[PDB]
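One chain is shown next in structure tokens, namely the form deposited in one PDB entry.
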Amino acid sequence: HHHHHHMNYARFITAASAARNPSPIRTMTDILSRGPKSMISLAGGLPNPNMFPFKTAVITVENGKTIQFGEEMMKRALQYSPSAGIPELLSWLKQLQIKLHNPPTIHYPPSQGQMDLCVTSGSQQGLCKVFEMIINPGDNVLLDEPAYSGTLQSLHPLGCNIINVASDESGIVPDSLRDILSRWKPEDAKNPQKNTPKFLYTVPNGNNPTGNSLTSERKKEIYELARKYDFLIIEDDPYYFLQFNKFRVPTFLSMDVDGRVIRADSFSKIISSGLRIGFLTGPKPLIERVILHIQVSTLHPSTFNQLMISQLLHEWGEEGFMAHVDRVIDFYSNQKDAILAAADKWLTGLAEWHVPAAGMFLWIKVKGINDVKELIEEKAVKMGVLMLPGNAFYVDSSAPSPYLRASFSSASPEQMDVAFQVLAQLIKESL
């Protein structure tokens, strides 16, 4: 018997989200193409692209072929395109997801969670619209702190109760999640008044700010709890392609037999943050709610920027894409080694840290102080150094934090050495 549980997606969709109806720009593109080519439509609502002033583009690529938009491709790049993304980018990304994650839901019926993808204007846009789709005021949601400050700022106005799940150097601790969920009975998920959690959100690789990643065994245990208590998992994975380990841990999407995982991927850290391109992968009924919200907001991701990325990826193939990933990992892993060496030299005895598993941040706990912000934004700024106090990564940002987040994306080894010399002095003269 094929594995996986029946889902009722209506439990995870607000009344406003369910009320949305389709609003594409001129759906006649289907009735015209299949019909006669001599079919004259005065029914469309597209501006004439011959008026647009940019005419051709040439974009050079390191380790890839030059990208050229000739006259006709430029007119396409400068015109509206489908809400979920251009078809050639969607098709390539779907094949990538199948290669990397082989999701169980690929061939499910739509109504029981068939895998669907949506290109978004950055991954964070997809996450925001997912949160907005699900959360009514008073709903309970689960996540591990410290968390990305932007996620916390997105959730705050929605009025949900954020329930912290304990975490350590291997991510969320399943025993903590199990203990929290024992507040409910599993059947309470079928009774709205009981207010069982709607979802668990986590960054499973290279959490910002901690650098920690989940293990495979913990992901399996967490997934089983999500099935038992019938909550969704929001897998926000922007550092998926920045793991230092040779082998990537299987994702929640890869084990999602039920159709309860919404995954966010991004090329923001590896290909371009400024182009505003990410993508959601998840069950069709939930992805459809996000698409409909896009249709009345941004309409679509930039057609031009999608064509840039799509042409890059098609020429690279999976091989060239993974080779690029491996160059970027190599660079960040060397930066990681450099910042750890500077910490070993100058901060030993004064602070403690875990080795980042992925991403671009080192999370430093200063010993013998209750709050860092004293010796950073008032003392380190006078000595020529700035690192980020940890307070902003908690729901309660006023509580004291002895943590600093240090970035290793760009500093040279010399800059890291100086920076940690200064920090060591500050810690010393503050004890």
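Rigid core here is just the name for the largest C-alpha set that superposes within 1.5 Å across the two forms. Residue indices: 1-based, along the sequence shown.
If you look for the form deposited in another entry, you will not find it shown, but the lines that follow are about it.
Asks: I want to make sure I read this right: if the two forms are fitted on their rigid core, which of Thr56, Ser41, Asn370, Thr66 has a C-alpha displacement of 2 angstroms or more between the shown form and the other one?
Replies: Spelled out, the residue whose C-alpha shifts by 2 Å or more is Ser41.
Asks: Out of closer and farther, which fits the Cα atoms of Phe241 and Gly64 in that other deposited form compared with this form, where the change is 3 Å or more?
Replies: Result: farther.
Asks: Against the shown form, C-alpha atoms of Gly64 and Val325 in that other deposited form: closer or farther, for a change of 3 Å or more?
Replies: Distance between the C-alphas of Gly64 and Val325: longer in that other deposited form, by 3 Å or more.
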